[PDB]
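Taking it in order: structure first as structure tokens, then the write-up.
Chains as they are written, first to last, in the authors' numbering: chain 2, 12 to 45, 49 to 134, 143 to 160, 174 to 269; chain 2', 12 to 45, 49 to 134, 143 to 160, 174 to 269; chain 7, 101 to 319, 401 to 620; chain 3, 120 to 179. A prime marks a further copy of an entry chain.
Structure below.
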């Protein structure tokens, strides 16, 4: 069975979004009552599954990472909205599938990390846009650290899902908007940050594709923006 | 008394739109029933009063003219819509005021002309964009002809209104969409064309502004576009 | 980033024929409506001129003959009238107005005409030069419709070896001709010991080899940039970008680098509208182009100067496609050499240098570092039929050109010409005349 | 698709509507309308392109 999800001009097929995890079990929604609260609401075409360029997981692949909204600082509309607008706030459904054959043992951890400050500093350095940033096992923040001198084994606190190949081959984190504010400048501040690390090292059979692809399908949800609308009076 | 008309981010003050004329007494509206008819409906921000650069009417001014939609081939949004879209159709309220002092005798005729083929040939030649095109009294199509070797005196057939200065100083034509089709390529085909000619020659008192300004405030109404939306099926 | 690969770099189209300059872009050169390609025709030692834009329409300062084509990646140029002024390098772009340019190397279109003979005009050495022990035997090879213009200097009935440095000039736009002024420099004792120092020129004009032997006994928008700048290794090298209008362009004060042995390339486009700029990916850490909000001026500075970053920077503040703009192209050099004043040596026009209807009476501005030797005539008064030769490069990193101003044989007593050899580098003014010798 | 039963991948099929230009990069095409058809899940992507024309009868 395969569900075919649609968001206007975009469509994604999904085996079974049974293993969907909403971070902190909070579904993303708009700003509740708590016009005057300037909720410019363009939930039309900026809410379509976008697809980042796939990375090629290999034997010695350390890991990948993308900041959000950053990633979509170009995905057409949404990327636009993050300029004609000063303020905004979107949740996001991140949908990571990585099709592989039944002969590829391996396992990835997808970690959504609120305010993912990757340590070891210059805007561009920490914003790899749409191609994401990679880790290293010794610029590239240390993998088993996630920049921040932490022991990997604890990552699992952060909304996470494990793509153990000999089972599900997809994963879907659902991040809701999270921040110390109620709305904010979507451009200069990346609420989330998705890191994908290989837990079990990718291994396969003799003559088989030695580099399985993994795609990210980030769809901004219930997004909104500030206001330019002023007011007049007679 | 002065009415203050609003269309989102734009606002126009108008003395009294009492002398408003709808061409052929047909108000512009959308495509009636006569989704399947692919009526992509973005009647949001493309429907705001735009304002063309004012022309300076003088003694020896012959006349001016603008093709529509052409004119708005740049007025932000609407101009955009005429590219991301293949098909479209908009009416328009054209609102021509020309503030002058009580000491300026003069009179203009505003003529809306469906399919205004200005004769004497190269796209750019017949599409002066937003600054409009001017006439001449002998490139510049002959004024008392409107290109087409016609006698001026008959213009009045075409939806028209006369700005006789010693009376109303504004004029508002309301064109509805007109064409041999039901929808069309807004870009390569100018449904209307507004020509403003001075009937009574502009004259004034000794030391007074010798060049009264006339502004055009074209607001596209009930506009719509073709479709990119395809369809899938299991 | 739509590219371009201008094939057929070398092409010689004579007058009366039809030239061409094809384009082959890797990516499309049109998206919205019109094309982003174009047809250019830039001569040697010039700025970013306006020939064509949008691949269909024509730019300001051009004729109607130059047509348009290439509504895609595969574009080309058009010319229905070839001449001597048609000699200009053509390079199709892939941008209309946006600040994202990346053009190809170049597809030059040379000109030709009926072959002519190259007369030998050998002059004697100056006195002020000979005193210093810089006796050089000059020989001009101008007024010839052939590229190959050799000048082999002799000494005591034997051709010299490792004692000459000739320099050929550009293609004169008069009747498709060229020039070449060579000089055989030697020591004082060397020139004194030698009886005669002849020089032959066997070009593709005459049957035999002609020479001239003489005994060494008796005989919309604009932007005026600054001049060239001199600096050392690991120093500063910027360029002035000031306009003579209200302000700059809408998009931004774009720049196009022009280094030695290259056509054109985009580096970075800095705006003078507000503050934001936009550069290319390749150039990084050496395109510090800012904006001066004082008198409507821009900048084109580059830190950590290298041999590569050393290029003539300017700004072509073009708003529309037809009415464009360019700069003076203020050269920014980076080498290790001391500056020196250009001393002008007077070379008299003898009967040997005379061709029965001419008398080459010019000067010699040798021993001048930081190449800047422009030899004018009577403080830049008359300049017709004369062409400026290219400066040669020495091992020491100096420059010594040879400018020969043609004159009348009879007119060598009444009037007198003075060639002002200026040098802004060393800032030494000098204007030596050229009197006639009896011999 | 009519390749291995074990083979697997994802192809993006995109409908560039008329007037525009066919997309040349996958990216541009993902911005447009487009199915992301997983080889491995369904051996066949179907998709009805829609009817359009100003001149409400296309000329052959």
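Here a beta-carbon is modelled for each residue, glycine too, at the ideal position from N, C-alpha and C.
- Taking a C-beta distance under 8 Å as the contact criterion, residue 34 (chain 2) and residue 234 (chain 2) do not qualify as a contact pair.
- At a Cβ-Cβ threshold of 8 Å, residue 259 (chain 2) and residue 53 (chain 2) count as neighbours.
- In summary, residue 81 (chain 2') is buried, with 16 or more beta-carbon neighbours lying within 10 Å of its beta-carbon over all protein chains present.
- With a minimum length of 3 residues, there is no unbroken run of beta strand (DSSP E) contained wholly in the stretch 52-80 of chain 2'.
- Taking 8 Å as the cut-off, the Cβ atoms of residue 154 (chain 2') and residue 78 (chain 2') count as close.
- It is roughly 15 Å from the alpha-carbon of residue 59 (chain 2') to the alpha-carbon of residue 252 (chain 2').
- Using a Cβ distance threshold of 8 Å, residue 18 (chain 2') and residue 63 (chain 2') count as a contacting pair.
- Counting only Cβ-Cβ distances below 7 Å, residue 261 (chain 2') has contacts in chain 3 at 171, in chain order.
- Looking from the CA of residue 119 (chain 2'), the closest CA among 131 (chain 2'), 199 (chain 2'), 152 (chain 2') belongs to 199 (chain 2').
- Rounded to the nearest angstrom, the Cβ distance from residue 232 (chain 2) to residue 247 (chain 2) is 15 Å, too far for a contact under 8 Å.
- From the beta-carbon of residue 49 (chain 2), no residue of chain 2' is found nearer than 8 Å; the closest lies around 14 Å away.
- Near chain 2, meaning a CB-to-CB distance below 9 Å, the residues of the stretch 140-154 of chain 3 are 145, 146, 149, 150, 151, 152, 153, 154.
- Secondary structure at residue 84 (chain 2): helix, using DSSP grouped into helix, strand and coil.
- Secondary structure at residue 37 (chain 2): coil, using DSSP grouped into helix, strand and coil.
- Contact with chain 3 is found for residue 52 (chain 2'), since one of that chain's Cβ atoms lies less than 8 Å from the residue's Cβ.
- Within the same chain, 211 come within 8 Å of residue 37 (chain 2) by CB-CB distance, once the 5 residues on both sides are set aside.
- Residues of the same chain with a CB within less than 8 Å of the CB of residue 134 (chain 3), apart from the 5 flanking positions on each side, are 151, 152, 153, 166, 168 in chain order.
- For residue 13 (chain 2), at least one C-beta of chain 3 is nearer than 8 Å to its own C-beta.
- For residue 94 (chain 2), the enclosing alpha helix (DSSP H) has its first and last residue at 90-98.
- If you draw a straight line from the Cα of residue 201 (chain 2') to the Cα of residue 240 (chain 2'), it comes to about 14 Å.
- In this structure, residue 113 (chain 2) lies near residue 129 (chain 3), with their beta-carbon atoms less than 8 Å apart.
- For residue 150 (chain 3), no beta strand (DSSP E) run applies; the uninterrupted alpha helix (DSSP H) run containing it begins and ends at 145-150, by DSSP.
- Residue 190 (chain 2') carries a helical assignment under DSSP once its states are collapsed to helix, strand and coil.
- Of the residues assessed, residue 227 (chain 2) falls on the buried side of the cut-off, its CB having 16 or more other CB atoms within 10 angstroms.
- In this structure, the straight-line span from the alpha carbon of residue 194 (chain 2') to that of residue 24 (chain 2) is close to 55 Å.
- Residue 15 (chain 2) is positioned such that its CB atom lies closer than 8 Å to that of residue 269 (chain 2').
- C-alpha of residue 109 (chain 2') to C-alpha of residue 250 (chain 2'): approximately 8 Å in a straight line.
- Beta-carbon to beta-carbon, residue 42 (chain 2) and residue 217 (chain 2) are separated by about 6 Å, close enough to satisfy the 8 Å threshold.
- When the five nearest sequence neighbours on each side are left out, the beta carbons in the same chain lying within less than 8 Å of the beta carbon of residue 117 (chain 2') are those of 239, 240, 243, in order along the chain.
- Listed along the chain, the chain 2' residues whose CB falls inside 9 Å of the CB of residue 267 (chain 2) are 15, 17, 22.
- Here DSSP, grouped into helix, strand and coil, assigns residue 139 (chain 3) to coil.
- Between residue 182 (chain 2') and residue 84 (chain 2'), the C-beta gap is not smaller than 8 Å, which leaves the two residues out of contact.
- Annotation: Cβ neighbours of residue 138 (chain 3) in chain 2' (cutoff 7 Å, chain order): 100.
- What residue 160 (chain 3) touches in chain 2, judged by beta-carbon distance under 7 Å, is 13, 24, 26, going in chain order.
- The beta carbon of residue 264 (chain 2') sits closer than 8 Å to some beta carbon of chain 3.
- Residue burial annotation: residue 192 (chain 2') is exposed, with fewer than 16 other C-beta atoms found within 10 angstroms of its C-beta.
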